[PDB]
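Data first, discussion second: the structure below is written as structure tokens.
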Amino acid sequence: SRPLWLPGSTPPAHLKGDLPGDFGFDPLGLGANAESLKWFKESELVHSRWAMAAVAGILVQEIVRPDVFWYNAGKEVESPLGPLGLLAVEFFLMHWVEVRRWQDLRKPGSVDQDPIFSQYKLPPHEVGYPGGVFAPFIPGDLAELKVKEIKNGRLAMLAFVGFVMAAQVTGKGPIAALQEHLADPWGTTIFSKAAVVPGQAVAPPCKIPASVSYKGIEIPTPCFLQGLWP
Amino acid sequence: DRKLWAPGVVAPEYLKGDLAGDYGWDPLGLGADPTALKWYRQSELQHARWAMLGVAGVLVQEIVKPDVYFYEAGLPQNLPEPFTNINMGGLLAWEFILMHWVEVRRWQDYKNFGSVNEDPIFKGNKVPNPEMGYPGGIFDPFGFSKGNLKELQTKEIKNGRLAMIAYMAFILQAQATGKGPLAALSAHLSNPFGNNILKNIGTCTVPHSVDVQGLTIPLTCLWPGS
Amino acid sequence: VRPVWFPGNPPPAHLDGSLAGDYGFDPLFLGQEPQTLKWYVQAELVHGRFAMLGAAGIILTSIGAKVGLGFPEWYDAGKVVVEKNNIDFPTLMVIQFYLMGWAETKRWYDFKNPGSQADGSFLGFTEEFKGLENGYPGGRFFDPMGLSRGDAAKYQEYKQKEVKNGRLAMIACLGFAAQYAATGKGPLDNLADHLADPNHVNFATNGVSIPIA
Ligand code: CLA
Ligand code: CLA
Ligand code: CLA
Ligand code: CLA
Ligand SMILES: CC(/C=C/C=C(C)/C=C/[C@@]12O[C@]1(C)C[C@@H](O)CC2(C)C)=C\C=C\C=C(C)\C=C\C=C(C)\C=C\[C@@]12O[C@]1(C)C[C@@H](O)CC2(C)C
Ligand SMILES: CC(/C=C/C=C(C)/C=C/[C@@]12O[C@]1(C)C[C@@H](O)CC2(C)C)=C\C=C\C=C(C)\C=C\C=C(C)\C=C\[C@@]12O[C@]1(C)C[C@@H](O)CC2(C)C
Ligand SMILES: CC1=C[C@H](O)CC(C)(C)[C@H]1/C=C/C(C)=C/C=C/C(C)=C/C=C/C=C(C)/C=C/C=C(C)/C=C/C1=C(C)C[C@H](O)CC1(C)C
């Protein structure tokens, strides 16, 4: 009765519409084991939230800074706090955060307390959905937003891969790729840039250098699946 | 069902006249599976209806202009006035996605006959689908159905089967001599002994490749020989 | 009743249809013992398991070559990587025997004792190396998606899809060597030659394949 990924079809037996965003799409059988479904239900939400923050990261950076290109912007920021002091903070400050999230996955009733401010405590929530501090002023129904998080999330995970594969083919940001498509739609598609006939394979070259210098030792910058491109 | 494809032939047991155009045929056993007979019925309707557009394309594109040749009408130099030297990669991008919608909706009408009838965007008017392969409703803007439907359902195939053979004729009367169907009709009706099936079977007027904007094509005739 | 390798002929008595990819093909009756056939079911998988890794490995490094990348061909990838990276060759192969001869005798005592290797004798891991059946260990490490449990009706389908891709991967890795010894070039160079002119650029026109050239 629920909407599906393909309306004439039937959902598989392990998908019964219990979970948010459950449109019945799992052709490869991956939601069969219920031990491993919890791991994937967590990892879809984590993959979505980083990608929502990344796509809105590139879109905000492109509308305020037309100078630098985001694929190259991990190289040119010139922080005064060192190249590896940043990585040292990010390593420790995420090896705290993720392991708290991981222990919440393993035992859900084990991570609720502020360890250094024990007067404060998280509410006994659902796994992957902390709330309490992480969720003030929730608008409307919570399960409505729980589907809005994944629909915008799944749209953004396809968006970031669309950002990367446009950044390796035309090498410009995703409004500059949009301005290439809106100035000339009939010639600026991937079907226009490439075709494989049985007898020759015409693929675009990289708009990406093979390596970069970056302060001494060189860093390899490969085009993600160059050679297997159409 | 009767008046079969040959006089003394017993019709097969699965061809008792239910489907239209049923002539006790299939001397290759392909409709013996009941689940395969429906799909071969759907693929017969597709091969009929595209050929009826194909025949009505080829002998109309040379009545409106007997200049652009239908074998090389796909080359961008031969496209009309707003489309001359279009990017074929862009036009294939339209056609692929516009057809991967339509066909998969038709394909799911095969796989689940009944859960694909509604306009999915506008939950409004449905399509009343009486039987598989015959959607109707908005595919009948003239209301020419809802009469003796079985009579027109036979007329669709008999015109369709002839159009399949005529369109494979339209190709083989074009690779053998490099000439259009009404143009090979003129070539026959001028000298009906030097422009027959003889002395043109065994010569292929098609090159090994015609380059399209940086792409080669294998371009094979349906028999060897040049 | 089931489809057999050769229609008409019945399957042999030792080969009822329960294995994956079973098509009754034992003309030499090599699986006539029910315990050596337990070994050859292990043997067909790990030959197909390495060949599926192999045939994907030849093809993916040959897709990168002939497009313009700096890839070697699969018969020349052995020399070019113990020369670019200064990797001493005997100390590469010996560690290959250490790591895999570890991983192989675990299998060789799964076949001798299927309940074994699950006593905490390893670093504490007990039921990860339990082993579900012959040639299909499963558990946490070897099936991290968890596809061998949940629905078992689709798992029997995946068992057959593994063996089917596993058979023709072994035929491919028998054909990559055969396309190289006959012609003397890479695999997708032989494919693109067969797609240039499908006539006359086949196996019949070498003079290496048929001696009646
Ligand atoms: C549009 C996407 C979207 C939506 C609908 C939701 C919805 C929800 N989230 Mg979620 N979340 C998202 C993105 C989203 N999230 C992202 C990207 C992250 C990573 C930062 C998180 C991290 C997160 C956590 C850690 C938790 C939730 C929780 C919740 C639930 C209650 C909170 C709430 O009312 O949020 C409503 C959300 C909105 C109204 C979206 C407003 C967006 C505005 C327009 C700003 C966006 C643009 C701006 C540039 C973004 C940058 C902000 C910042 C980085 C500078 C609800 C299901 C809580 C939960 O489920 O516990 C019960 C919870 O604990 N989410
Ligand atoms: C691709 C086109 C196509 C397809 C799918 C079908 C399918 C079908 N036809 Mg049909 N038919 C066709 C074209 C086609 N027809 C043409 C062109 C004619 C005119 C000669 C006929 C005349 C005809 C009659 C008279 C009857 C059928 C019947 C049937 C049904 C049962 C036969 C069966 O199971 O075969 C399934 C068929 C296929 C899977 C097609 C396979 C094609 C093979 C592999 C190779 C083709 C041979 C060769 C290349 C043809 C070249 C001809 C040349 C002149 C161009 C089935 C639904 C019977 C019926 O109505 O039952 C309901 C029946 O009585 N057909
Ligand atoms: C790599 C080795 C290998 C091994 C051990 C097996 C093992 C098995 N296969 Mg199998 N198979 C293989 C490769 C292999 N297969 C390949 C490549 C194909 C595709 C052609 C098949 C296709 C196949 C089918 C279709 C069927 C089996 C079946 C079987 C089972 C019973 C037959 C038996 O006792 O095998 C004994 C096998 C050996 C002793 C190893 C073969 C080595 C021989 C002795 C060397 C010579 C082989 C050949 C002539 C040389 C070619 C290369 C040469 C030119 C260099 C058994 C589990 C049957 C079964 O029950 O399915 C599960 C069955 O129906 N196999
Ligand atoms: C996995 C299947 C496979 C595929 C897709 C190809 C594809 C190709 N091969 Mg190749 N080849 C294969 C397996 C395969 N090969 C094997 C197993 C051998 C060893 C016998 C060879 C030996 C070989 C040579 C010597 C040459 C090619 C060539 C070619 C190319 C041109 C086609 C041709 O000449 O036909 C060759 C086709 C075959 C040899 C047969 C196809 C595979 C059959 C079906 C074997 C399967 C085993 C069978 C079912 C059971 C064996 C029975 C036994 C157990 C008792 C083409 C790209 C030629 C080339 O380089 O082109 C320029 C060429 O010179 N191949
Ligand atoms: C679909 C079709 C053609 C559609 C063509 C189209 C849209 C063409 C469009 C164009 O041309 C125009 C308009 C303009 C051009 O500038 C551009 C193109 C694009 C080129 C032909 C099918 C044509 C299909 C044909 C001819 C199929 C024939 C099959 C037969 C006869 C088989 C019969 C049997 O298999 C059975 C049925 C049962 C067995 O028991 C017995 C045997 C005998 C085996
Ligand atoms: C063909 C084959 C086996 C064929 C056996 C057959 C037909 C036996 C059939 C029978 O027994 C039965 C069934 C039943 C009996 O009654 C009858 C017979 C008839 C006796 C195995 C191939 C098996 C082929 C295998 C396992 C190949 C693996 C290849 C690998 C790992 C390659 C790796 C590399 O290529 C890369 C990836 C990169 C390179 O640069 C480096 C290297 C290392 C070269
Ligand atoms: C949690 C919480 C809680 C509390 O309570 C409150 C608060 C605070 C409010 C909250 C928060 C929230 C948030 C932050 C959110 C965010 C979101 C996002 C970011 C989304 C995105 C999302 C995103 C998305 C969808 C995206 C999409 C995108 C897209 C399609 C794109 C496309 C493209 C591409 C490819 C490329 C080309 O060239 C162009 C374009 C066209 C450009």
Report task. Within segment B:203-222, identify whether any single residue is within 23 Å of B:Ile63 (Cα to Cα), more than 16 Å from ligand 1 (Cβ to nearest atom) and surrounded by 13 or more Cβ atoms within 10 Å (Cβ to Cβ), and answer yes or no. Result -> yes
Query raised in the report: Which members of segment A:140-188 meet the condition of being among the aromatic types (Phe, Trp, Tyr) and in contact with a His (Cβ under 6 Å, 6 or more places away or on another chain)?
Result: none
Report task. Name every residue in segment B:72-101 that is among the small types (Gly, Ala, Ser) and either surrounded by fewer than 16 Cβ atoms within 10 Å (Cβ to Cβ) or within 19 Å of B:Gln61 (Cα to Cα) (or both), in order of residue number. Result -> B:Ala73, B:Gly74
Report task. With the condition kept exactly as written, say whether any residue in segment A:117-126 is closer than 30 Å to A:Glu35 by Cβ and of a type in the set (S, T, N, Q). Result -> no
Query raised in the report: Pairs, please: C-beta under 7 Å, at least 6 apart or cross-chain, first residue within 22 Å of C:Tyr155 (Cα to Cα) and in segment C:14-41, second β-branched (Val, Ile, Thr) and away from ligand 1 (no atom under 16 Å from the Cβ)?
Result: C:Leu19/C:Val41; C:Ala20/C:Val163; C:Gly21/C:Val163; C:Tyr23/C:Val4; C:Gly24/C:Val4
Query raised in the report: Out of segment A:200-215, which residues are facing chain B (nearest Cβ under 7 Å) and among the polar types (S, T, N, Q)?
Result: A:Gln200
Query raised in the report: Can you tell which of C:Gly54, C:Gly78, C:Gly68, C:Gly64 is surrounded by 11 or more Cβ atoms within 10 Å (Cβ to Cβ), in contact (Cβ under 8 Å) with a residue 24 or more places away in the chain and not aliphatic (A, V, I, L, M)?
Result: C:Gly54
Query raised in the report: Among the numbered criteria (1) free of Cβ contacts under 8 Å to residues at least 12 places away in the same chain; (2) crowded, with 16+ Cβ neighbours inside 10 Å, which single criterion is violated by A:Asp184?
Result: (2)
Query raised in the report: In segment B:44-53, is there at least one residue being within 12 Å of chain A (Cβ to nearest Cβ), part of a helix (DSSP H, G or I), surrounded by fewer than 16 Cβ atoms within 10 Å (Cβ to Cβ) and not acidic (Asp, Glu)?
Result: no
Query raised in the report: Of all helices (runs of 4 or more DSSP H) completely enclosed by segment B:87-203, which ones contain at least 2 residues that are without any contact (Cβ under 8 Å) to a residue 40 or more places away in the chain and within 14 Å of chain A (Cβ to nearest Cβ)?
Result: B:88-111
Requested in this report: Please find, among A:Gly24, A:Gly29, A:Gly17, the residue that is in contact with a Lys or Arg (Cβ under 6 Å, 6 or more places away or on another chain) and more than 14 Å from chain C (Cβ to nearest Cβ).
Outcome: A:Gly17
Report summary line: Only one of A:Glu149, A:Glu144 is over 30 Å from A:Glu180 (Cβ atoms) and more than 21 Å from the chain's Cα centre (by Cα), namely A:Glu144
Query raised in the report: Would a scan of segment C:112-120 turn up a residue that is free of Cβ contacts under 8 Å to residues at least 40 places away in the same chain, within 23 Å of the chain's Cα centre (by Cα) and away from ligand 1 (no atom under 16 Å from the Cβ)?
Result: yes
Query raised in the report: Considering only segment A:176-199, how many residues are more than 7 Å from chain B (Cβ to nearest Cβ) and in contact with a strand residue (DSSP E or B) (Cβ under 8 Å, 6 or more places away or on another chain)?
Result: 2
Report summary line: Going through segment B:11-34 in order, the residues found to be of a type in the set (A, V, I, L, M, F, W, C) and either surrounded by 15 or more Cβ atoms within 10 Å (Cβ to Cβ) or within 16 Å of ligand 3 (Cβ to nearest atom) (or both) are B:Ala11, B:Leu15, B:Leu19, B:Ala20, B:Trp25
Requested in this report: For B:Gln153, state whether it is over 27 Å from B:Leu91 (Cα atoms), within 16 Å of ligand 2 (Cβ to nearest atom) and touching a strand residue (DSSP E or B) at 6+ places or on another chain (Cβ under 9 Å).
Outcome: yes
Requested in this report: Scan segment A:32-47 for residues that are within 11 Å of another protein chain (Cβ to nearest Cβ) and either touching a residue at least 40 places away in the same chain (Cβ under 8 Å) or closer than 18 Å to A:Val147 by Cα (or both) and jot them down.
Outcome: A:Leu37, A:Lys38, A:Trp39, A:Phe40
Query raised in the report: Within segment B:118-149, can you find the residues that are more than 22 Å from B:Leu19 (Cβ to Cβ) and surrounded by 10 or more Cβ atoms within 10 Å (Cβ to Cβ)?
Result: B:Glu118, B:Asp119, B:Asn125, B:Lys126, B:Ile138
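Read-outs throughout are calculated quantities, based only on the coordinates presented, and are distinct from any laboratory measurement. So basically every Cβ, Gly included, is an ideal-geometry build from the backbone, and we count neighbours across all protein chains shown.
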